[PDB]
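Shown below, as structure tokens, is a lone chain in the form deposited in one PDB entry; questions about how it binds or moves come after it.
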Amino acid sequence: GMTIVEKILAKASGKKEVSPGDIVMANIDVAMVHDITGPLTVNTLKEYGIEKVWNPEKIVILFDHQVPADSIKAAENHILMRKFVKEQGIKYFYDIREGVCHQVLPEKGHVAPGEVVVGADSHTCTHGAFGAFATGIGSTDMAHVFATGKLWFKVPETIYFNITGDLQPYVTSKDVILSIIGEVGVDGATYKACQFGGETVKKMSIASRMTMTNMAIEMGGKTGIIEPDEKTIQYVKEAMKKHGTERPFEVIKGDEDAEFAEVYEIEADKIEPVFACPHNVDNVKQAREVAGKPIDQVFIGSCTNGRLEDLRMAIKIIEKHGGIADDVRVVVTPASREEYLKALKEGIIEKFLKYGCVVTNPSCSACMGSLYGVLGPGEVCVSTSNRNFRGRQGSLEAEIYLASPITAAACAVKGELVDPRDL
């Protein structure tokens, strides 16, 4: 009787069974690296004299196509990456501006149910939306992965969030996950896989599911995971066909009599629009109880969201209420080029433009970085981001409220923190 994570790690280590706390050596299906972890990893490999990665088709590299105009080190790192990709015969390499980190990997078909996914970023948990075991690892582990196609993992315990009921109007999976995190706390799920399931999750789209697993790490989770269903299978198969990345996969599900460290019953019909308020993702408040505070900027589409359903719900709110308030900069960033195209074809982009919204291209590098330069001092911002920028948020006592795309759009409309149901 095993959880989905246990089964995935059992299969991957060739074991009959696995229990939390077991330390097992698991085959890696896909390893993703972007920005600096790329050059660290390649360098470590050079130092050990490793001529070849284990499988050039199970490595996904995101890297800036533009040579950085000043620093010679980054031009050097850039030449290094191109050499590696070429010599190793790495098939799957993408511009850092193909999309935000965690959008590009699944949309090209690189994440299937039952797979072990490792990534250089803290928010690789995102890919657990696909019934995959997905974790962020450092460059030392990443070099080991590139060399051998294996890594030691400690099997985590699972907390199961059973989410049932129907989401009320104007409420999204962003509000569900934020509400879960306000209760559990930034450290409440340390070492644990956070599994979301239940009738409410079944009805959610893949896009909505990804927003939840995206933020598992924000409560100290080891990862986030949702079992695959028909929507999952069809998304993955369609993505594989579009990009030529077909490979066999096994849909793995947890057992009905699996053990969990904890089980939360989440009443979805009770979730309301919420904000994560400065300065902790933990500090979650019902929108009404903060409503009224004037705001300077709104970011709709961020790390990792701004998929088509996010852009729809945002543009519907804005266009219905006649555009955006005065003295609010509203930046709209589709999660990927592929998502940008879908929005373009549906006339959504043209409409954001019409209301004086800035529409900008996504960049994986933006998710990793400093917010120095984007927010002015003392400015209040509403963001659909699913990750914190603590430490380097940044410029410097700027205030940043995390919200769903619906609430973010509402805020853009009124020019203040507002509950979208109150427009």
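Shifts are known only where both forms have a C-alpha. Note that residue numbering begins at 1 and tracks the sequence as displayed. So that the term is clear: the rigid core is the largest set of C-alpha atoms that superpose within 1.5 Å between two forms.
As for the form deposited in another entry, it is not shown, yet the points below apply to it.
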With the two forms aligned on the rigid core, which of the residues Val332, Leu105, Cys303, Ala129 moves its CA by 2 Å or more between this form and the one not shown?
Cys303
Against the rigid core, is the Cα displacement of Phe389 between this form and the one not shown at least 2 Å?
yes
Spell out whether the Cα of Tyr372 moves at least 2 Å between this form and the one not shown when the two forms are superposed on their rigid core.
yes
Could you check, with the core superposed, whether the Cα atom of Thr360 shifts 2 Å or more between this form and the one not shown?
no
Since the C-alpha distance between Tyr372 and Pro405 changes by 3 Å or more in that other deposited form, give its direction relative to the shown form: closer or farther.
closer
Please check whether, in that other deposited form, the CA atoms of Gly109 and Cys364 lie closer or farther apart than here, given a change of 3 Å or more.
farther
Superposing on the core, what residue ranges of at least 3 consecutive positions move by 2 angstroms or more in Cα between this form and the one not shown?
303 to 305, 361 to 373, 386 to 394
